[PDB]
Structure formats: structure tokens, C-alpha cells
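Colleague: This is the structure, below, for whatever I ask next.
Read the figures in this text as sums done on the coordinates, not as results from a lab. Counting neighbours? That spans all protein chains shown, and the Cβs are built from the backbone with ideal geometry, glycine included.
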Amino acid sequence: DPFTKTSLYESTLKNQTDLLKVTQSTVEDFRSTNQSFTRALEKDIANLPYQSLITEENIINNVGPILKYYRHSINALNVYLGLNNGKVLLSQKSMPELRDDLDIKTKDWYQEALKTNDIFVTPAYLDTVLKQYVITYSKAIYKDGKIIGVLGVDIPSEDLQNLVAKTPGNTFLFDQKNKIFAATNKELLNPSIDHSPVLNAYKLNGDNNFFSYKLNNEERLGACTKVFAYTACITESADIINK
Ligand SMILES: CCC[C@@H](C)[C@H](N)C(=O)O
Ligand SMILES: [Cl-]
Ligand SMILES: [Cl-]
Ligand code: NA
Ligand code: NA
């Protein structure tokens, strides 16, 4: 009876929408926690007197400890300050030392921090030295208008993937390239799975707009929404409305 099917459809829409929100929140809160951390670090570095910031030895001795304590406080992989001479002061998981081999002026985290007055957030990428996938938060630090260097903080992208996977619902994230990035059902991360149906249904319907689509000639229901450069989706079987 249409009345019954409408009731089930309105219920499941609300539910699935709510769960999609949870996944959206997860991504937002991950980012903002890392941003706040980075901002606080910026502030403590810029607070130092110039004298502590204007020689490399002073950077080592005065900024290094700050990098280290901050790194430990959140269990970041790397926390670092890149200088215009190409050297980096690096605090890494497993005192901080100056490194001259990290080709920083070719790195987006460095370049892009100098082109915005905000924190820059990279797509996930393979960390040069630790060979883990990371998301980097970078920020050009200025003390009274004078550039000191570019701060970077590397957080394992697995941390976000794990958070998303724990969420209720069959929710998942695509990265900026529409490749699968995280999922509650680990099987979805098969790079051979085609997601065209879901992605085409999202493109037709827009953010947070519930839709029908087919899998193996069965009916499924879902929704997606943009969250920063990610696309977050939920889908379920339409058996809840049909049977
Ligand atoms: C070993 C620190 C690497 C940092 C500077 C950064 N993750 C990069 O790959 O450029
Ligand atoms: Cl993020
Ligand atoms: Cl952002
Ligand atoms: Na958080
Ligand atoms: Na991305």
C-alpha cells in the first residue's frame, strides 16, 4: 500500500541521512582538531623572541623542544619547520635535527603555505622518509610580519580511515580524484570495484539528496555529500522499502 511504502521510505531516508551526517562530522572533527593543534604550535613558535629564531643553532635549541612536545602530545608522525635556505628542523617519530636533503621548495606543503595566510591541508601522500601515507597541515609562520619558516605537521591518513570505518552505517569516502579512501565495510576499498552508479546518482541528485540506484539488477538507496575535497556516501539495500 503506497502509504506503507512511503512510511518506510521516509523513515529510512531520515535514518541514512543521520548516519551520513555522522561520517561528515567525523571528517570535519579530524581536520579541525589537527588545524587547532597546528595553530597553537604556530603561536608558541612565533611567541619566541627573534633572537631565538634567527640562527639555526637557536632554532634547533629553542624551537626543537616545542616541536617534540607537540609531536608527542598528539602522536604525530613528523612535526617540522622548513626554512628559506632549504633546511628543515625535523621532529620525527622514532632531539630534532636540521636536515638539508628534503627538497622542500619542490613540496606542495611548503610552496602552498607561502601562497595562503591559512593552514594548508595536503591530499594524502606517501611521506618521504617514513614511507607511510600522511596528511600534512602546513602554515607559514610570521613574527610581526617577518617570515620565520613553514611549519608542517604530518598525521597518518590511516587515522582518518580508521575513524570513518568505525562509524555506523555503510558509509565511505572518496578522495578528490574519486578514488575510494575510507569505508566501514573494508571490502569496498578494492580498487577494482566500480562506483560509477553511486557517483552518477550523486552527480544527478546533489548533496544530501537521497537516491535510488541498481547493483546486480537489485535496487539500492543512498546519498552523498561533499566534505572538503572528499565525497562522503552512504548506501543500503532497498529491501527495507520493497519487502
Ligand atoms: C621526513 C620529513 C618529510 C616531511 C618534510 C614531509 N612529509 C615531506 O614528505 O616532504
Ligand atoms: Cl584533514
Ligand atoms: Cl578546510
Ligand atoms: Na577530534
Ligand atoms: Na583528496
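Colleague: Using the basic label-point model (7 angstrom from Cα toward the beta carbon), what is the residue 61 to residue 10 distance in nanometres?
Modeller: 7.2
Colleague: With each pseudo-label sitting 7 Å past Cα toward Cβ, what's the residue 192-residue 158 distance in nm, one decimal?
Modeller: Inter-label distance under the simple model: 2.5 nm.
Colleague: Filter the cross-link list 14/186; 68/146; 5/179; 105/226; 43/226; 43/105 down to pairs whose alpha-carbon distance in this structure exceeds 29 Å.
Modeller: Long pairs (Cα-Cα over 29 Å): 5/179; 105/226; 43/226.
Colleague: Would you please report the Å³ per residue occupied by the convex hull of the alpha carbon atoms in the stretch 1-120?
Modeller: 160
Colleague: Treating cross-link reach as a plain straight distance, find the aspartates and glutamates whose alpha-carbon is under 20 Å from the alpha-carbon of residue 115, omitting any fewer than eight places away in the same chain.
Modeller: Cross-link targets: 42, 103, 144, 154.
Colleague: Which loop trypsin sites (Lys or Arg not before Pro) in the stretch 98-146, with loop taken from DSSP, have no more than 13 other Cβ atoms within 10 angstrom of their Cβ?
Modeller: When the trypsin sites (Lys or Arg not before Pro) of the stretch 98-146 are filtered for loop state and at most 13 Cβ neighbours within 10 Å, 115, 131 remain.
Colleague: Still on this structure, I have one more. With charges only on Cβ, +1 for K and R and -1 for D and E, what is the dipole size of the chain about its Cα centre, in debye, rounded to 20?
Modeller: Using Cβ point charges on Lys, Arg, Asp and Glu, the chain gives about 180 debye.
Colleague: Ok, one more. Report, in debye and to the nearest 20, how large the dipole of the stretch 77-220 comes out about its Cα centre when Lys and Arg carry +1 and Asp and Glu carry -1 on their Cβ.
Modeller: That gives the stretch 77-220 a dipole magnitude of about 180 debye.
Colleague: Let me ask you something else. Starting from the Cα gyration tensor of the stretch 180-243, multiply each eigenvalue by 5, take the square root, and state the resulting semi-axes largest first in whole Å.
Modeller: Equivalent ellipsoid of the stretch 180-243: 19, 15, 11 Å, largest first.
Colleague: Limiting things to C-alpha atoms, what are the Rg and the maximum Cα-Cα separation (Dmax) for the stretch 113-243, in angstroms?
Modeller: Considering the stretch 113-243 through its Cα atoms, Rg and Dmax are 18.6, 67 Å.
Colleague: Something else: To the nearest 500 deg cm²/dmol, what mean residue ellipticity at 222 nm is calculated for the chain from DSSP H runs of n ≥ 4 alone, each contributing -39,500 (n - 2.57), summed and divided by the residues?
Modeller: -11500 deg cm²/dmol
Colleague: Compactness ratio of the chain: Cα Rg over 2.2 N^0.38 Å, N = residue count?
Modeller: So the Cα radius of gyration is 1.25 times the expected 2.2 N^0.38 Å.
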